[PDB]
Amino acid sequence: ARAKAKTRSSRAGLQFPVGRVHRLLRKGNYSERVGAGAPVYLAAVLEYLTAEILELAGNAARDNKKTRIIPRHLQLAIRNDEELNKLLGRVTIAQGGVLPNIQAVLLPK
Amino acid sequence: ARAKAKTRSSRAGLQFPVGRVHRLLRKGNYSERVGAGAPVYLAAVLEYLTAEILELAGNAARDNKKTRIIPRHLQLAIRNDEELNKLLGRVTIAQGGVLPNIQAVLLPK
Amino acid sequence: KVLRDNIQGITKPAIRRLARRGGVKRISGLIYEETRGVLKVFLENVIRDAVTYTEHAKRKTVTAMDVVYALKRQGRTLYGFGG
Amino acid sequence: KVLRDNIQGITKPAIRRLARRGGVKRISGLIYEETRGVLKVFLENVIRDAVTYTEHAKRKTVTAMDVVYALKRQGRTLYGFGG
Amino acid sequence: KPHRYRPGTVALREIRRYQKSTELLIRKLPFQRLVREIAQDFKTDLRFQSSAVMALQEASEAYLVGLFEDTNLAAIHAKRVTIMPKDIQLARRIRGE
Amino acid sequence: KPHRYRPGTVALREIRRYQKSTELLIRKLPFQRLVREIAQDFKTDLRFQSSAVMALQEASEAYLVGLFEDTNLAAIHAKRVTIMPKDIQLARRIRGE
Amino acid sequence: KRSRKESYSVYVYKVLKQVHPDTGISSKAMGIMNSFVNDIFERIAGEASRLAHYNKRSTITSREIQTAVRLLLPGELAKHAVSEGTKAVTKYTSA
Amino acid sequence: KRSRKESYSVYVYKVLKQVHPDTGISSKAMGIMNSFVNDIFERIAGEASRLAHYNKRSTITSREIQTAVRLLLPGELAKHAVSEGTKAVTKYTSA
């Protein structure tokens, strides 16, 4: 006699699993009680940052004519964006390289 | 009828309230259970560090010939211990001042 | 009430006192305004987050424990203010 | 069984390759051994806590997840090795 | 003649004096006024615990004198005794700000 | 006359090439030799994920690269182009190390 | 067989096809993404944990999370994230 | 009616009299000491919570703190703290 079970992700119309992340919050030893809308909100903003970084990385990969994302364009996306770079200044990337940065004083006459 | 109330700090021979420590752990929600020797070990290593830093503060205060220790004595105690400076480099101290440090390049001749 | 020009509420001789405490011997005239900008950036950051605290605390007065939070979230940790 | 000299396996072409990727143009001859010592210091700083991890994880095999912890408690956060 | 100490003697004396002393150097009232001014940029109707204000003053002064010592050693490396803000910008950027 | 480039230009091309490229620049087998050399000094007979060593490498030369841009900034800021160890010492102090 | 290992690769790949229907992914980049999202998840949840400590509150609400978003995010990221999460919260409230 | 607030300054004072019976202290210095206690407490507690979260541990014992302090403490301090806490926990265990 139970109604059809929607997902809370479908109730928010979103991609990320609300049950998984809410379970992570409950077993994270963070609080005994967690409100209903907070994991939904967290999944939404994780979706926002994910789409933002992924879109910029896809644009950067399109700049160098490859349709499969590599850590180099991940580094290019994260370091050329001052909010993203400031957000992750203490963050290391594997095989992302660095931004090509040449001092003009090193350049010859 | 019931045994004498005997403190766990006295049982561990300690000074810091291990019951208060364990309670703050439980309200700190670090785990859903905590073993008995954990807050004892916490308390004990806190008297160890406290004894070391207060030893240093006493050395500074007898060097600074004042009976009651002050935050300047605290600063002078801690900042000539470079091991603490790895431990507490990112720590600022209220009214502690700075180490008197004048470089030889500032000195004439 | 309404305040405008506390950018120069830091006097230059105060900066020279700090620089002698900072071990500086010879100070350019260009130093003070650049340091003013730097300190403005730092206080805008920490006081913005302090305001975020106090509105989250639903208060119209700030506390020093909010300041403790503001110093700790980059690890500029200060002792003796209710911590 | 023991290991005695692999720090001189750090080739100065590799050091200058990192210098070029680090943007260094002209390099003194005395640089190499000092940078070797500095990076070696960094290595004990990481691997000491990594050894402590593997000991507390009750293993004799070093895994990348402990490496993630060992980099991250100094805030050297590396992505792609956690999981 | 009336006496005049040669440059650097007096400056080093005040360096010794203020490395000896611990207290705040900027006047507290204009700093407080600046605190109120900056906090007004975010939200009106705000009161201020004084303990918060002295905490801000001490933390700010410690931050400043730390970067002062940093730029000091940087100018020592740069073979100079006169500090210029290019040293400050280099110290911030390498420090990460 | 045989072809020979003036100094620095090939180094500039190396800088450009390596700033595009992301691969490891040390031969890795001496790097695991160093890893096991240092590891046995804390506990002997520890085994290693190869991925663990690769993470150690990526973090290691990443830290060295960032140190190298800081060292280059120090070398320029003292009105030069050639690095000396005093750049490294100043960088280590200003990084809090 | 082996135990199930949960991954965001399906969900992030869905988001990928939302924003870039054209491009593929590498497994290394996806491990970078998972390490990323788990890192920032425990970040934001940690500051929310300290907020729960400072507010002496047992139950975590969205309000505390939006506050922690102003703590973490740089600027227009924070305002846009607040906006998007606000709309998502509204349609979740109306299910 | 005032709300009783827990502070360690009495414990700091008795520790001081243990190490130096002749020595006094200011109130702001005791505030610094209590801040130090709380600071090291929250550091070690968060670190132990994370180490429990890694090895799927739900019960914290002194072994985990011993590991976490020998992480956080370099040099001889780690060895001496491990030794002293070992004696304290051991004779507590006999008690």
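Think of each number as a place in line: the chain as shown, counted from 1.
Looks like electron microscopy, 9.5 Å, at least that's what the header says.
Note that Cβ sites are derived from N, Cα and C of the backbone, with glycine treated the same way.
Noted in Swiss-Prot for the protein shown:
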type     : residues : note
MOD_RES  : D:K1     : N6,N6,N6-trimethyllysine
CROSSLNK : D:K1     : SUMO2 cross-link
MOD_RES  : D:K12    : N6-acetyllysine
MOD_RES  : D:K12    : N6-butyryllysine
MOD_RES  : D:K12    : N6-(2-hydroxyisobutyryl)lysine
CROSSLNK : D:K12    : SUMO2 cross-link
CROSSLNK : D:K12    : UFM1 cross-link
MOD_RES  : D:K25    : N6-propionyllysine
CROSSLNK : D:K40    : SUMO2 cross-link
MOD_RES  : D:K58    : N6-propionyllysine
MOD_RES  : D:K58    : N6-(2-hydroxyisobutyryl)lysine
MOD_RES  : D:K58    : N6-glutaryllysine
MOD_RES  : D:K60    : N6-succinyllysine
MOD_RES  : D:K60    : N6-glutaryllysine
MOD_RES  : D:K60    : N6-propionyllysine
CROSSLNK : D:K60    : SUMO2 cross-link
MOD_RES  : D:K72    : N6-lactoyllysine
CROSSLNK : D:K72    : SUMO2 cross-link
CROSSLNK : D:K72    : ubiquitin cross-link
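In terms of local Cβ density within 10 Å, D:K40 ranks first among the recorded positions D:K40, D:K58. The Cβ of D:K12 (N6-acetyllysine) has D:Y32 as same-chain neighbours under 8 Å, each 6 or more residues away in sequence. Taking D:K25, D:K40, D:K58 as the recorded positions under consideration, the smallest Cα distance to the residue listed as 'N6,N6,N6-trimethyllysine' is found for D:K40. The two recorded residues D:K25 (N6-propionyllysine) and D:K72 (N6-lactoyllysine) have their Cα atoms spaced 31 Å from each other.
Most buried of the modified residues D:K1, D:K25, D:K72, judged by other Cβ atoms within 10 Å, is D:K25.
The Cα atom of D:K40 (SUMO2 cross-link) lies nearest to that of D:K72, taking the modified residues D:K58, D:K60, D:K72 as the candidates. Separating the Cα atoms of D:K72 (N6-lactoyllysine) and D:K60 (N6-succinyllysine) is a whole-number distance of 21 Å. Secondary structure from DSSP puts D:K58 (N6-propionyllysine) in coil.
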